[PDB]
Every structure is written in C-alpha cells, then in structure tokens.
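Below is one structure, written out as structure tokens, with a few remarks after it.
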Amino acid sequence: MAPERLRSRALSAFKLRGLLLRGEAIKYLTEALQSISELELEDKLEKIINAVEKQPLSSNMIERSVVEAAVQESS
C-alpha cells in the first residue's frame with residue numbers, strides 16, 4: 001500500500017460518481033490520505049466527494065482549489 005496504488009483507488013472513487021480529477025488535485029488528496037487504512041480509503045474519500053457535491057463548480061473536472069476545501073469536511 002503506497003501512493004502509486006492510492007492514486008488508482010482514489011481516482012476510481014470520483015469516476016464511480018461521474019467526476020474526473022486534476023493531477024494537482026489527485027496528488028493533494030493522495031498526501032492527505034497517505035496513512036489511511038486500505039479498506040477504509042473509499043469510505044473516507046466519500047466524505048470529500050459529499051463536500052464537492054455542495055461546492056460551486058461548472059464542470060465534472062475537480063481541481064486542487066475544490067479538494068483543498070472539500071477535505072475540511074472529511075477531516
């Protein structure tokens with residue numbers, strides 16, 4: 001369990017909801033979730049997605065500025 005596997009797990013959680021995630025944004029939450037339990041990573045990141053779903057946006061492409069505020073509700 002390392003960032004190179006975390007990235008694939010984390011991108012898939014946004015893809016399952018119909019979103020896409022920027023390279024600066026995937027890195028941001030990859031560092032924020034670096035030590036989270038491998039079987040809880042999806043349930044944890046789902047709290048970020050639930051915050052993105054109530055933030056102002058205009059595309060399915062999520063960005064670092066959106067995640068940097070969505071993580072605050074997941075904390």
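Residue numbering restarts at 1 for every chain of the structure tokens, chains are lettered A, B, ... in their displayed order, and ligands are numbered from 1 as they appear.
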
Could you write out, as a ChimeraX atom specification, all the residues of chain A that DSSP marks as helix (DSSP H, G or I)? /A:3-15,23-32,41-52,64-74

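As for CA of residue 6 in chain A and CA of residue 30 in chain A, they are spaced 6.5 Å apart.
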
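Atom pair CA of residue 38 in chain A / CA of residue 55 in chain A: separated by 27.0 Å.
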
Write out as a ChimeraX atom specification each polymer residue whose atoms come within 12 Å of residue 50 in chain A, counting only C-alpha atoms; drop sequence neighbours fewer than 2 positions from it. /A:13-14,17,43-48,52-55,67,69-74

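For chain A, the set of residues given strand (DSSP E) by DSSP on the backbone reads residues 20, 21, 61 and 62 of chain A.
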
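With only C-alpha atoms as the atoms that count, the minimum distance from residue 75 in chain A to the choices A:25, A:11, A:32, A:20 is reached by A:32.
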
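CA of residue 15 in chain A sits 13.6 Å away from CA of residue 59 in chain A.
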
If we count only C-alpha atoms and set the cut-off at 12 Å, which residues sit around residue 4 in chain A, ignoring sequence neighbours fewer than 3 positions away in its own chain? Please answer as a ChimeraX atom specification. /A:1,7-11,26-27,30-31,34
